[PDB]
Every structure is written in structure tokens, then in C-alpha cells.
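Below: one structure, written as C-alpha cells.
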Amino acid sequence: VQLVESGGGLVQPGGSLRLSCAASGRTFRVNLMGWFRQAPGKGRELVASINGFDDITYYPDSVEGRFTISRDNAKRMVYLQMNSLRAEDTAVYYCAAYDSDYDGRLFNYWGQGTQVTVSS
Amino acid sequence: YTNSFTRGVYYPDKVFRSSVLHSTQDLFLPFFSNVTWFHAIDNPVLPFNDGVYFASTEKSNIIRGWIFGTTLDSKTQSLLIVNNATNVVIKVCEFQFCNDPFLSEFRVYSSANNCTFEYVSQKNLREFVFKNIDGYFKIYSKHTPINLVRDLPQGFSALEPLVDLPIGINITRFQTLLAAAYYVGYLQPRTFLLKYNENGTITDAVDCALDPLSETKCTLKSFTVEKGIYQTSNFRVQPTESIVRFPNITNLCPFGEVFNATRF
Amino acid sequence: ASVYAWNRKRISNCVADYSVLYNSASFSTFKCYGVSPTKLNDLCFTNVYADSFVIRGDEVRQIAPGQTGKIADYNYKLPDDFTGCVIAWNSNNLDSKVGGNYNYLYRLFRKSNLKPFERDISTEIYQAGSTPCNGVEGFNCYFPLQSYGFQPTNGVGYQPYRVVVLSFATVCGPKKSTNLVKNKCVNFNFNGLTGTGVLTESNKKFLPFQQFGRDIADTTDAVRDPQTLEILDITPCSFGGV
Ligand SMILES: *[C@@H]1O[C@H](CO)[C@@H](O)[C@H](O)[C@H]1NC(C)=O
């Protein structure tokens, strides 16, 4: 299990950006990824969550109508397309891989993280 | 503006009758009534009061469809009928209105919401009748060969039912979509008298509130009346103003010691 | 899909055969609240909703009005005035992977109980203590969902169960067609008609959308059958004095 994140640099407000991270190693018992956002002055936040088994995606009310997440089962890929970028989205984005123990408690793998900046 | 020379009759119910005169009491378009000659060569928003008469005449498929509704916007239920191909469409969601629905341009439906029935399925005048009662939606139509230059021909022929729709959505609006002749008329409760022939088609009709002769024909249940004198109706005068004279004094009734009393 | 993400499908404007539904297969649980299973076909309503979810055997009893539990309070809630049926059956063959099937998950806690017919899809980290947690799971902060221990060797109390709930005019099931008789006066009932008389042929020509036919004094004298579009006549069989 190793989370490697690619993409995400310096963009202009009102633009678009897509980030993709790959998971390689041990097969995950639970099909559940997610995207996290850590503001420089705040803590980790929730951006999107996709299961794939149910093909249902969840977004918070802050970015419900702007952030879209997609997954590629064959390539073990996940994507997060960001549209209508604002100055509040300037933060570091992380990738999360969820696994479960024998008892059933869900685990979480933390990726390296990619820095995303929105500047004029 | 133009009038209507005895045009706009339709089969009331689904009953076969032969060589018999009948009396019906539902909504029609009164004979010799003023209509609006809308010309688009443009599409306003017209109200919907109990029924609408529609007609058009063009050598090319300028007319496309209609956009019904009650508070037309992206916030309530609606209805949409268009013909952009060899197929028709029906929907009860719409909710994508705009200020210029002129439409392979299809810039009408910007959005979508909770949807319903999917009846997506299969010059000259083309007259239509629309009415929405008892929670059902009914339409009528007919097509006839025609040659004219200004308004409309003479003669008449009834319209036959086409479809039905259990929509249940209130309608208080009406629009149109083009791509020539486009008339509009309204409906009103009247009483008629229709004549059937042997095969079962309406071939003549007379009204009951047009002229005294028509009243006599309706009261005698015939199309020919012999010489004489007849009793037709009654005559009375309606009031004009109102008088509500009442006593003079003013003082509020004491109910506190009755209702809000301390000790009973 | 899982119980925490139960799927809902709407049924309307079509013919449903309720009796055949029970006879298609064998269901271990079949409980109807406010609906008579015998007269299941003898109903005519407007809105039909089929909510379905996967739980274990011991959580089956929680799918009922006025029930409490993890699933009843955090995954799916049934209103106290529920008018429908609950159908469940074991799914240890096709819906049970060999060894701790982790595809199915369920919710364990929330900030408040779920309203009836409400689905929760949020994956926000639950704060179970005074120590705050910002997008990080750990002490006093656990994921709202946990994986099911679905194993083929598990007991029937933990074996997976797919449950279908039916929640309730355009939805009804008609039946009872019959052949036709001629030249003998019988009792007939077409669609919305009743009367006694003999039926013979006729030479009348109808129109492509007419069904009945009335003479003077409003009495039926011609009927079109809704199976072969053949015209018919109606005369009453004899009566008289003695
Ligand atoms: C219509 O009526 C004419 C005579 O008025 C008759 O010759 C014809 O056969 C009829 N059409 C039918 C019965 O379909």
C-alpha cells in the first residue's frame, strides 16, 4: 500500500484543475477513497467521497455544486475535477485509502499531498 | 382581429347516435366572436381560462409545439410538447424557463428536475382544442385541405379526440414555439343543438343564445319552424347597487367578566 | 448497495401483479403493516416506492415502525404510520463473499436520529469526545461507518439479508377475461356496463373511437367488444302477461 499523488499547481481564479492519485500495493478490502483539504491556517476538511460499489458520491454543502470526483477501477485511479475555482480553495489536497481490519474497523491511509494555490 | 364563422365544434362524448338531434351543455366557442390575429414574421405569454382554441396555416413546418404552465419558471411543475423529429414528447418536470424560447436549435430546457410521463412515441388548417378538467388533460384536433388568403374559410367539420393525460398540474399560462397564421380564442359554457346523420358524424349545429330565431329552434327541438307564436324564455331586471343600513350606536361588548372571569 | 446507501425506485403508471410476487421465490420474512396480503391484488393506489437494503439476520427485526437500534436510528427509519410490506430473505449464497465481506458497511452513530424515509450519505468523522478532530480519525473520533463481518461460516444472526420494503390511481392489477356467447340472453358486464339481454350481430358502421351506442330515450342498443373490435346488438329476452 502506497499513495502517490500527482497534479495540482498554480492556477487562476475561475479556472479548472484536475488531480489524480494512484494506490499500489495490497488490495483493499473496502472500495472507498476520498479527497481531503488542509487550509494553511485550518485543519483537514472534506472535499469528496466515492465508493464505487454503490457508485454514489458525497460532497459537502460548501463545494456540493462545484467539485466532482471520479474513479477508474481498472487503472486503480481516482480523479477530482475542480471547477469555478475561488480564493478559498488554496490549500493542500490529500488522498485517502480506506481499509478494514478483521473485526471491521475502518482504517485510513494518508497520502503525501499536493499543494494547490489560487492566485490572480 | 377577425371573427369566427361557425367554427370550433367537437364531439362531446363517445356515443354513437343516428338521425337524432341532441342538446349538450358544455364549453364551446360562441359563434361570431372576435379572435386575435397574432403574426410572427412575436410570441407573447397568454393566459388560460377554461380552454383555448388554436389554429395555424403555413406551407412549411414553422409551428413546432407549446409550453404550458401556471407560474412558468424553474421553480414549479410544468408541461412541454414539442416535435423536433418524427416523434413527439411529453414531460411534467421542465422547470427550465427562459425569456426567449425561440428554438437544430434546442435552447429551451436549461435544467431538469423530478420528471414524469415519457409518452415519447410516434396550405391547410390545423385546429386544436385544449381543456383541463377533472384532473385530466384532453386535446382534440383535425386537419383539412384549405385555400385562402386572409383569415378562414366557410363551412365546418367537428374535431375528434386524440389523447388523454392524467397530469393533475394546474395550468394558468400558455405559450407557443415557431421555426404565419396563429389565432387564439377562449371557451365559455353554452348550450348547443347538434344534428347527426346515419353514419354518425356531426353535420349541422345551431346555438341557443345568438338570436331569437335560434332560441325558438332550440325550444321546439327542430331546424324548421312553422308560422305562429311561441313562448321562449322569461325577462327580469337585475339590481344595481347595495344598501347595508345598520344601527347607530357603538360600544364594545363586555366579555371579560364572561370569558376571562376570575372565579366561577 | 449497502444499507447506509439504500436505493429507492419509484413505480407508477403500470400493472403490478402482487400475488405473483410472493410466488416467484421463497421469502423468510413477509410482514405487511396496514395491507392485507390476501387482498394484495385488490388495491388501487398512486405512489409506489421500493426501498431495499442489506443487513444481517438479527437486524431484520429492526425494520418495523416503532423499532430501535443502530440501523433503525442511523441507516433506515420507518414511520410509525407506515402503510406497506416488509419482505426479506437470506442472501448467504450470492451476497456473501468467502471471508469477511467488506463491501457492505453500516452507520453506527450520528448527531441525531434519522427521520423516516431519510437516507444519510455523509462520511464526516464523528466526534465522540471533547477533544476536537479536524478530518483526522483517532482518539475519541471514529468513522461513522464500519464494515460488516459477512463470512460464510458466520451464524444466521450475522448472515447477510437483502430486504425489500414496499411503500404505498395508476397502480392496479386487472384480470378475469372470459369467452363470448351468442343468441342466448345472459348477464353481461363490459368495462363499466351492466345489463341483461341477448347479443347478436349488426350491420351498423361505427367510427374509429366510439364504444357504445344509444337510441332515443337513452337506452343502449350497440356495444363494441375490447378484444376483437366486433359490433354487437342488444335486445331483451321475452316478457309478457298471462
Ligand atoms: C356513409 O353514408 C353514405 C350515405 O349517406 C353511405 O353510402 C356510406 O356507405 C356510409 N359509410 C359507411 C357506412 O361507412
Legend entry - Other protein chain Cβ atoms within 10 Å, averaged over every residue that makes up C:204-216: 5
Inset, instruction - Starting from 0 in steps of 10 Å, tell me what percent of the Cα-Cα pairs of the protein assembly as shown lands in each bin. - result: 2, 11, 14, 16, 16, 14, 12, 9, 4, 1, 0
Inset, instruction - Quick one: grab Rg to one decimal and Dmax as a whole number for segment B:33-104, Cα atoms only, in Å. - result: 13.6, 38
Legend entry - Global geometry of chain A, whether rounded, prolate or oblate, following the gyration tensor of its Cα atoms and the 1.5 cut on a/c: prolate
Legend entry - Förster radius 56 Å - calculated FRET efficiency between A:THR117 and C:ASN191, Cβ distance, rounded to 0.05: 0.20
Inset, instruction - Name the residue farthest towards the positive end of the dipole of segment B:185-264 from the options B:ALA261, B:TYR230, B:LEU220, assuming +1 on Cβ of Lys and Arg, -1 on Cβ of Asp and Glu, about the Cα centre. - result: B:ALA261
Legend entry - Long-range amide H partners of B:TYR186 with built H, under 5 Å: B:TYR53
Legend entry - Spin-label model distance (nm) - B:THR6 vs C:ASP215, 7 Å beyond Cα toward Cβ: 3.1 nm
Legend entry - GNM top mover of A:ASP101, A:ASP72, A:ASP89 - chain A, alpha-carbon springs below 10 Å: A:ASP101
Legend entry - Fraction in percent of alpha-carbon pairs per bin - 10 Å, chain C: 6, 22, 21, 15, 11, 10, 8, 4, 2, 0, 0
Inset, instruction - Mind checking which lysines have their Cα closer than 29 Å to the Cα of C:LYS31? Skip sequence neighbours fewer than 8 apart in that chain. - result: C:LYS9, C:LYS39, C:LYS70, C:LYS77, C:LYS97, C:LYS115, C:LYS175, C:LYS176
Inset, instruction - Please order C:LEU108, B:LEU79 by the number of other Cβ within 10 Å, starting at the fewest. - result: C:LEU108, B:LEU79
Inset, instruction - Quote the convex hull volume per residue of segment A:25-89, based on C-alpha atoms, as a whole number of Å³. - result: 113 Å³
Legend entry - Per-residue ³J(HN,Hα) for segment B:74-85, Karplus 6.51 cos²θ - 1.76 cosθ + 1.60, θ = phi - 60°, Hz, x for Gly and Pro: 9, 10, 9, 6, 8, 7, 8, 10, 9, 9, 9, 8
Inset, instruction - Determine which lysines satisfy two conditions relative to C:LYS205: a Cα distance under 25 Å, and not lying fewer than 8 residues away in the same chain. - result: B:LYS14, B:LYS142, B:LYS195, C:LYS182, C:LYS184
Inset, instruction - Could you check the simple spin-label distance between C:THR83 and A:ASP61, using points 7 Å along Cα→Cβ, in nm with one decimal? - result: 3.3 nm
Legend entry - Cut-off 13 Å between beta-carbons: net charge of the residues surrounding C:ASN183, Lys and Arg +1, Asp and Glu -1: 0
Inset, instruction - With the cut-off at 21 Å, report for segment C:1-103 the share of all Cα pairs above it, as a whole percent. - result: 41 percent
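Work out the FRET efficiency for B:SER110 and B:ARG64 from their Cβ-Cβ distance, taking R0 = 25 Å, and round it to the nearest 0.05.
Values: r = 18 Å, r/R0 = 0.71.
It comes out at approximately 0.90.
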Inset, instruction - Could you go through segment C:20-34 in sequence order and give the Karplus-derived ³J(HN,Hα) for each residue, using 6.51 cos²θ - 1.76 cosθ + 1.60 with θ = phi - 60°, rounded to whole Hz, and x for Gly and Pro? - result: 5, 4, 6, 7, 5, 8, 10, 10, 5, 10, 8, 10, 10, 9, x
Legend entry - In order through segment B:155-167: 3J(HN,Hα) via Karplus (6.51 cos²θ - 1.76 cosθ + 1.60), integer Hz, x for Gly, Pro: x, 6, 7, 6, 9, 10, x, 10, 9, 8, 8, x, 6
Inset, instruction - Shielding by partners for C:141-154, please: the mean number of other protein chain Cβ atoms within 10 Å of each residue's Cβ. - result: 3
Inset, instruction - Please list, in chain and number order, the residues 5+ apart from B:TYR10 or on another chain whose amide H is under 5 Å from its amide H, with Hs placed from the backbone. - result: B:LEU159
Inset, instruction - Please arrange C:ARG8, B:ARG236, B:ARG7 by counting, for each residue, the other beta carbons lying within 10 Å of its beta carbon, fewest first. - result: B:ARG236, C:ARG8, B:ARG7
Legend entry - Dipole magnitude (debye, nearest 20) for chain A, charges at Cβ of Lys, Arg, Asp, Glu: 280 debye
Inset, instruction - May I ask you to sort B:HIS143, B:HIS22 by Cβ crowding, counting other Cβ atoms within 10 Å and putting the fewest first? - result: B:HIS143, B:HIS22
Inset, instruction - Can you tell me the FRET efficiency between B:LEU162 and C:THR68 if r is taken as the Cβ-Cβ distance and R0 is 45 Å, rounded to the nearest 0.05? - result: 0.25
Legend entry - Sequence-distant residues sharing a close amide H with B:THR116 (under 5 Å, placed H): B:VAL92, B:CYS93
Inset, instruction - Between the alpha-carbon centers of segment C:66-120 and segment B:202-256, tell me the distance in whole angstrom. - result: 67 Å
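Where a number appears in this text, it was derived from the coordinates with a stated rule and is not lab data. Every residue, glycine as well, gets a Cβ built from its backbone with ideal geometry; the counts of neighbours run over all protein chains shown.
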